[PDB]
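Everything below concerns the one structure shown next.
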Amino acid sequence: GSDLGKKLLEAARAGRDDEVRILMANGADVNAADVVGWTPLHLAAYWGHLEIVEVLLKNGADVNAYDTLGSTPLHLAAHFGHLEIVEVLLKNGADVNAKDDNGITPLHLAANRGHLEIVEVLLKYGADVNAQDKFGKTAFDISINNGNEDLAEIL
Amino acid sequence: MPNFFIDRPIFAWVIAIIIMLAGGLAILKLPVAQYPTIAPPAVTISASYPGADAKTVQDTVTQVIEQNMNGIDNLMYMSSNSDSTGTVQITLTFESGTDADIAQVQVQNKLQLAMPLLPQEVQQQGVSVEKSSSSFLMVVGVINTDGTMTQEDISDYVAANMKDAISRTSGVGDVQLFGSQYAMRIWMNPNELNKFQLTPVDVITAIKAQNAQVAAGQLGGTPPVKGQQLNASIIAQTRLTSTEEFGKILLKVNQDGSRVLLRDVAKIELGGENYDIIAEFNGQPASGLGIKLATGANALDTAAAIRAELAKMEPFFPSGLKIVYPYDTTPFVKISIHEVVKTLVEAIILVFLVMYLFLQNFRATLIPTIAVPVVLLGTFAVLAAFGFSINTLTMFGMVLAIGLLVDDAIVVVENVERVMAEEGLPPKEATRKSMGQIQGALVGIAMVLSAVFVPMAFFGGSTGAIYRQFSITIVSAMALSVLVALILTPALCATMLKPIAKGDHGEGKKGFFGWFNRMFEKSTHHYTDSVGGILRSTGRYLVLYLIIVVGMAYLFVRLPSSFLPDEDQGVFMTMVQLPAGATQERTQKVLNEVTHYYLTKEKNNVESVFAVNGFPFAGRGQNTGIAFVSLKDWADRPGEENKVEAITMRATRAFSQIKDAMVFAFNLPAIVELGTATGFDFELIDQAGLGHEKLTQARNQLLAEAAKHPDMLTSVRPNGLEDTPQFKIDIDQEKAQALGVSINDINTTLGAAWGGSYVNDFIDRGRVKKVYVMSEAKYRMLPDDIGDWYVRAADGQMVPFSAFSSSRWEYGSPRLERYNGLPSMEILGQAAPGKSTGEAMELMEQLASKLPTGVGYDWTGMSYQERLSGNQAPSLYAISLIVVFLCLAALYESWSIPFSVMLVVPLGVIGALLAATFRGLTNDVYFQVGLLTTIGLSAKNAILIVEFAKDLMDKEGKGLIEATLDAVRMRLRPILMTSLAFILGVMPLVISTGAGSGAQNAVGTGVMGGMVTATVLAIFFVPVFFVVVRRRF
Amino acid sequence: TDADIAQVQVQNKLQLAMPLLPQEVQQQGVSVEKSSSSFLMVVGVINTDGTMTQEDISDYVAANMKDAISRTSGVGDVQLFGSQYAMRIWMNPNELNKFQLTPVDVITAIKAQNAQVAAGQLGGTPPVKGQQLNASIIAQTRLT
Amino acid sequence: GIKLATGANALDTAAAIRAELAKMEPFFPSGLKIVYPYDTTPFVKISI
Amino acid sequence: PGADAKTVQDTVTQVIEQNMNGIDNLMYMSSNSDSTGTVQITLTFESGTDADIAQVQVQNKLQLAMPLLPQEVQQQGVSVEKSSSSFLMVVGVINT
Amino acid sequence: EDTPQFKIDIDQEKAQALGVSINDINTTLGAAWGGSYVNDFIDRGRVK
Amino acid sequence: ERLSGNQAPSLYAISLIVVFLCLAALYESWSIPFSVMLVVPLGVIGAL
Amino acid sequence: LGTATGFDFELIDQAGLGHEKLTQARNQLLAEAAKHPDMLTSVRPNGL
Ligand SMILES: CO[C@H]1/C=C/O[C@@]2(C)Oc3c(C)c(O)c4c(O)c(c(C=O)c(O)c4c3C2=O)NC(=O)/C(C)=C\C=C\[C@H](C)[C@H](O)[C@@H](C)[C@@H](O)[C@@H](C)[C@H](OC(C)=O)[C@@H]1C
Ligand SMILES: CCCCCCCCCCCCCCCCCCCC(=O)O[C@H](COC(=O)CCCCCCCCCCCCCC)COP(=O)(O)OCCN
Ligand SMILES: CCCCCCCCCCCCO[C@@H]1O[C@H](CO)[C@@H](O[C@H]2O[C@H](CO)[C@@H](O)[C@H](O)[C@H]2O)[C@H](O)[C@H]1O
Ligand SMILES: CCCCCCCCCCCCO[C@@H]1O[C@H](CO)[C@@H](O[C@H]2O[C@H](CO)[C@@H](O)[C@H](O)[C@H]2O)[C@H](O)[C@H]1O
Ligand SMILES: CCCCCCCCCC[N+](C)(C)[O-]
Ligand SMILES: CCCCCCCCCCCC
Ligand SMILES: CCCCCCCC
Ligand SMILES: CCCCCC
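Those sequence lines, one after another, are chains V, X, Z, Y, U, F, D and R. The first sequence begins at 14 in the numbering used here and counts up one residue at a time. The second sequence begins at 29 in the numbering used here and counts up one residue at a time. The third sequence begins at 10 in the numbering used here and counts up one residue at a time. The fourth sequence begins at 16 in the numbering used here and counts up one residue at a time. The fifth sequence begins at -5 in the numbering used here and counts up one residue at a time. The sixth sequence begins at 5 in the numbering used here and counts up one residue at a time. The seventh sequence begins at 593 in the numbering used here and counts up one residue at a time. The eighth sequence begins at 2 in the numbering used here and counts up one residue at a time.
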């Protein structure tokens, strides 16, 4: 890897907006990934650092970057209820029907965690409601198993 | 009392003989150690959950044990941590003075009752309760040089042929094996298991049934049939002994007739229990033995017995086995004792030369040569009675008190020689008159000196334990010195001293001694002419005194504070921290470079490098490792550039080039359980169930706010590990039930193969050892190998793991800390240069109040003790001044006169601060205790001047200036003699460069510089203090 | 009599009888205490806002106040005048018989699905030559 | 219901309990308040 | 239970004996391993030693050996009592 | 003094071929020749 | 029994010294205790 | 220490009589204690 590329991973994970800004000016690799395949955009979407996601996407970061298990930053933003990041990523061309190595779409992750606002944005951007994972379970099958009455009406 | 022993010299000799016999008996039966028990009693509960993550260990083991730690007496706090290596360390710190055996048994008993609440895997592994102590007498390394034994083979030989004999060695308190004995390793193969329709559950089931002790019974046992002639015990199934027997374990029989053995599906070998640690000594495999000194044992005798026991095992060692010593405190203790004994004998030699230079007779010089060793021997008898030990603190306490011991002998002898030369009285009658002039003053001096050191012993915590060693040692020696000066010395002066004619001041002699007396008498008259002129303009010297007090107050703040000076013990640490997620192989590459640096760039100083990969420090994971550097002798490393401080700074600078690896070197502290001075130990508690992620954000908020104040806070770093990416695997309960796969079968297959399962015990060469089932390395490295494991369903079909599980990446803590039963984040730091520890703690408390709702805080360790030690400090200083004043008020029979003596305190401190500031030393405990011995000896000199000047005004009816000029003239010779021998006596301590010089320089410089000014200033300022005080009142 | 030694002697004898006691009694927790017969003091806890019920206050007291007070030196015994929360599963024999299930099936499913599993590690020791990944495996955890 | 340990001081233990309760007070939920309906230590403190 | 003297000594006696190191005022330690399964480790302390503190110190050292002992031995329970070798008296009971 | 003892060698291959559980063999041998402690009972108001 | 015999010579040695020193301090002399200590063998011969 | 005139009696079962028989002996004792109000007052069991 690179000296600046590995520093960017730590800055995007902690949330140091000023360090990320200085690293962008110095030319830190936006497509630098760690051992598990997580880029600085993955870490910003997981830890909920909205401004860092916007700064990374502006500096040509792969919005559809996938780790060793097929998970993209949209999967992490929808799974951890980061509504503002879900919209920012979807605006920048994030695949709303992205399937990981288990066939799980960002809609399945948002339905399992009960994020109504995130599910509504995902469906608005064209998320397939009839998408099945490796076990043939759709987002509606997850909502009825959890007992989310409000989510079952949307799906 | 002195008159009673002047007429009875044989009684005085009998008392001295008994003191010498009691002191000699104590010297042989006193335990020798480097440092005594200073740290408070701490008990550490350590448990192990093989293959479990930090949260599994915390939520099933740590929380359960912490919840049952109730009803235990004298508990201060309870810190604990669960790491991703399946380990928990619950340390319970008790109040200082608690019976450590009672504290341990109370903790152990509460753990026994909490045992049925822990998981079966933790109960099987067992939980150990020990006394928290990083104080090892020595660390014995066992290496292999011919490359025939691996690190696990060496560890097995030590555990079965060395550890037991070393534990039974005289004075050995505890032995810690740095390694694991053999373990029957069953390296399973999922491809071979799937071929014969078998799972790791069947492997566990077969080993448990075919490797077990079976109770069978008796042949002709009671109640028997009447007429039985034979009674015999029945043995049925015993534990397996060899790898061949484990390989022959029958798993199943095929329908065609062929047998399925354990060797067909797994690789059976004798390996180690734990593979997380790779220990190397100079590149070759190594194991260790952490030997601790027993309670009341002699360190020098124990180390000699350990080496003698190791020499007996020498002809039985296998090919290539060698015994190395990477860590040993014994050479440091041997030098710490020898240098003290050297200084004590040198002081007697110097006192002999000083006494013969002034008095010029061999009869007088023999008196201190008898009195000093009697007092020194007697101090050992008082130390033995008080339960004390011969350690670095008690040995240097006698060195600091040598100035007080020789002064008591000089003051008495000189006064008899002065009375004989000024009146012509016979040795017996002159001794009664001389003793009458100083007996009350010697008793008053003993009371004033008691009021200086006795309150110092009443400090609390670790600091109080260190001060207690100096207080008892100095008070006991000072009390015995006054007793000898009132019992033995007056008897020796009345019987051994030679008569001096009236008027004979030695000026009529010929040679060098005749010139010295004519020069000293001329200098004595020049001294009185100078003091007389100084008494005419006292106002000028009062202003000059205030300049000294201001200079003393300034130099006290401009002196760095410390507890114990960091000495070149011969060893130092080197921390290697790779990024979060690095493998054991990647840490070994960095450790090899670190070892190569010490064996090439510093090959003239470094003797050996103990590279321990996966060392318990920093979550003891694969991304951590230490390099214990052992250096050559202090004689073989001359100069400041070849010392630990210079080698450490050169190494840290060179290791900065190693990218993707945080490598830094650092010296070990004088007392491991102390840490650093001017530093703090903060704890960020979660008092509202906020969670780990919320507590991490709160810690980051406090860390960023601490960085905004570099003027008050420096090096504010968290003492923990950051969250790492982990493999979250979800077992689908619906798919598992549809296929007919048991959930327990799935978790057993996943746990035993990827984490390792402890099945049962076996006997290897008459030794009970563990049996572990685990997948072979080739089949448990990557997420792809998950799908290669097949679990048998109820219908007989083999279902792979990929059919009933989905996996994703997430972040989780590899080390969860908990303080006082609540989740916590330990934060280290220190005060910026110029700011006190109390100021740095106050800012930390202010920044903590701005943290989110539910985030609390508390002070632990050194901070907890510094909070309670700072409260006692003002009262102990005040009590010292009150009792010192009261003792002088009774002696002088005045409420104003004691002030003349108390004004000499800054005269001795100004020189001590100047000597330490110009040298570059710190305000350590040796400097603080050395300050009290300088203040005490200067007050001792001032007491004898003021007492003589007052008695001349009271009894002889002399004027204020007349009696003051007479008193300083009489006390000039005894003051100049004691100082000449004390300054020359502590001279080798200042110039000590080699072994153990860090403590000798702190004791030596803080006393030499102090005594120079407390002699030059006191001879001219004491007459002023007495005149100014008597004129004012 | 030294109460510390008296407790150690009673405890040593109890440890011999402990394995003979039923498993239900062992898992509940046997306690040995050297406390006085009378109460030193009673620390009442109320809610002036009415936000918390008697059961809610009792849970907060036990989960956030009791353990620290029990560890305080000089505190022989602490009696919670209420009860700490517990995951209550209130069985219905009509619904259980409807799906051919028993309280035994409920206990079996709770033990199997509410379990903290030790799954091991990826690239754990002893690892292969050329391994670059080291991560803890996280299987089922205790339900919250 | 706090029971005093065997041989322990009644006043020193009550002071330690009140010091521990003070650390919990700043993190109490809305409305939570500590009351003292039974205490044998104020009588000892006053009568002496 | 049911273990012969050799197994009892190798798996139980040796394990406890190796952990009885560094106990204060210890004079000597005799131990028996019966073919029934009984282990009896007697540690005699110097005259004047607090017998209660000696029991506490032995119990603390036993905690370190307890995990390494077999599960069948822990199921019986290990007792640490103050011992005396001779009988003060024998009280016989008969039926006339 | 050293006493003679009766050693019994259970063949694991023969027992598994016949369908006899090794746990049942060890229980049958131990309970009959040595005596097995099953559980407790109440004899005149006392557990035995 | 072995310990009793090993400490026996050291016991007699310190007892003789303590008595001698006590007599020297009480009677203020060296000839007085030395002449009195010469009587010890006159008693020990009869005891033996 | 007590309540000046209060006493604490313990009726023991020393022959395995059982709970039912011990209750009958306690009732017999309680009836006889009531017959002496001149010496015994408030004699009652401390059980359920
Ligand atoms: C003065 O203290 C020093 C040495 C004492 O000498 C020893 C012999 O005594 C120790 C004691 C009393 C500990 O408690 C340690 C400790 O907690 C450590 C580490 C190691 O790693 C240690 O190494 C020790 C350690 C020693 O070597 N941290 C941990 O386990 C954890 C879970 C995390 C650590 C994170 C970082 C990496 C660490 O914070 C670092 C930034 C420094 O702060 C320390 C390495 C300190 O170095 C310095 C130079 O400041 C030492 C505490
Ligand atoms: C377990 C191992 C133990 C090892 C240690 C053993 C313990 C040692 C036991 C004590 C030994 C003391 C020996 C003292 C001998 C001194 C010389 C004696 C000479 C003598 O008898 O003259 C007396 C007085 O002496 C005088 O007038 C001049 C004497 C001056 C005082 C004594 C000074 C020398 C003492 C040195 C002791 C050093 C001891 C070192 C350990 C008699 O005269 P009188 O009184 O009968 O007169 C009668 C008319 N008036
Ligand atoms: C006379 C008045 C002044 C008294 C000052 C002198 C006494 C101060 C020292 C205290 C006694 C030292 O303690 C005593 O020292 C001897 C060495 O001589 C030690 O002896 C030990 O030291 C070395 C260490 O390598 C070994 O070679 C030796 O085999 C071992 O037994 C013992 O540990 C102890 O019996
Ligand atoms: C850096 C160089 C420093 C020089 C040495 C300083 C050493 C400090 C020790 C104190 C020495 C004082 O030395 C002494 O001072 C006093 C001043 O009060 C002198 O006294 C003389 O001057 C004073 C003031 O005019 C007169 O009142 C007095 O009558 C006269 O005799 C002494 O003749 C001299 O011997
Ligand atoms: C050495 C043991 C103690 C000796 C005590 C003897 C004291 C007797 C003193 C008698 N006298 C005062 C008359 O000399
Ligand atoms: C004849 C008068 C002599 C004075 C004795 C004073 C003794 C001083 C001791 C002070 C400590 C309380
Ligand atoms: C009359 C005073 C005698 C003092 C004797 C001291 C004994 C230690
Ligand atoms: C008053 C005694 C102080 C000792 C040094 C801290």
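C-beta: ideal position from N, C-alpha, C; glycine also.
Show which residues of chain X have a CB atom less than 7 Å away from the CB atom of residue i.
i       : result
Y/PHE42 : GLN715, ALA716, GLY882, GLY884
Measuring only from the beta carbon, is residue i closer than 8 Å to any heavy atom that is part of ligand 2?
i        : result
X/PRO37  : yes
X/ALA513 : no
Specify, as a first and last residue, the run of the beta strand (DSSP E) that residue i falls within.
i        : result
X/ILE262 : 260 to 263
X/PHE710 : 707 to 713
X/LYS362 : X/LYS362 -> not in any beta strand (DSSP E); alpha helix (DSSP H) instead, spanning 358 to 386.
Z/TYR69  : Taken as a continuous stretch (DSSP letters only), Z/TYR69 belongs to no beta strand (DSSP E), being part of the alpha helix (DSSP H) at 63 to 70.
X/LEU508 : Run containing X/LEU508: none in the beta strand (DSSP E); it sits in the alpha helix (DSSP H), 489 to 524.
Which residues in chain Y have a C-beta closer than 7 Å to the C-beta of residue i? List them in chain order.
i       : result
Z/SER45 : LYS18, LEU19, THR21
For residue i and residue j, what's the separation of their Cα atoms in angstroms?
i        : j        : result
X/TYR920 : D/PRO625 : 44 Å
X/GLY985 : X/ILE38  : 39 Å
X/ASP230 : X/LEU279 : 7 Å
X/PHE414 : X/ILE438 : 29 Å
U/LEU58  : Z/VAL126 : 27 Å
Which residues in chain X have a C-beta closer than 9 Å to the C-beta of residue i? List them in chain order.
i       : result
Z/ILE66 : In chain order: nothing, as chain X lies at least about 16 Å away.
Going along chain R in order, which residues have a C-beta closer than 9 Å to the C-beta of residue i?
i       : result
F/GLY23 : Near F/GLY23 there are no residues of chain R at all, since even the closest Cβ is about 48 Å away, more than 9 Å.
Below 7 Å on C-beta distance, what does residue i contact in chain Z?
i       : result
Y/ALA25 : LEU49
How far does the alpha helix (DSSP H) with residue i in it extend, from its first residue to its last?
i        : result
X/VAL281 : Here X/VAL281 belongs to no alpha helix (DSSP H); instead the beta strand (DSSP E) covers 278 to 281.
Can you pull the chain F residues whose beta carbon is under 8 Å from the beta carbon of residue i, in chain order?
i        : result
X/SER261 : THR7, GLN9, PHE10
Can you pull the chain U residues whose beta carbon is under 7 Å from the beta carbon of residue i, in chain order?
i       : result
F/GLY39 : Within 7 Å Cβ-Cβ: nothing; F/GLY39 doesn't reach chain U, min ~10 Å.
Which residues in chain U sit within 8 Å of residue i, going by Cβ to Cβ distance?
i        : result
X/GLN761 : Near X/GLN761 there are no residues of chain U at all, since even the closest Cβ is about 32 Å away, more than 8 Å.
What in chain F is Cβ-close to residue i, meaning under 7 Å?
i       : result
R/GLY19 : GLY49
Under 8 Å: does the beta carbon of residue i sit that close to some heavy atom of ligand 7?
i        : result
X/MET463 : no
Residue i versus chain D: which residues are under 7 Å apart at the beta carbon?
i       : result
X/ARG36 : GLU620
With a threshold of 8 Å (Cβ to nearest heavy atom), would residue i be considered close to ligand 8?
i        : result
X/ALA901 : yes
Enumerated in chain order, which unbroken segments of the alpha helix (DSSP H) with a length of 4 residues or greater are wholly contained in the stretch 771 to 822 of chain X? 771 to 779
Every unbroken alpha helix (DSSP H) inside the stretch 816 to 898 of chain X [4 residues or more]: 865 to 876
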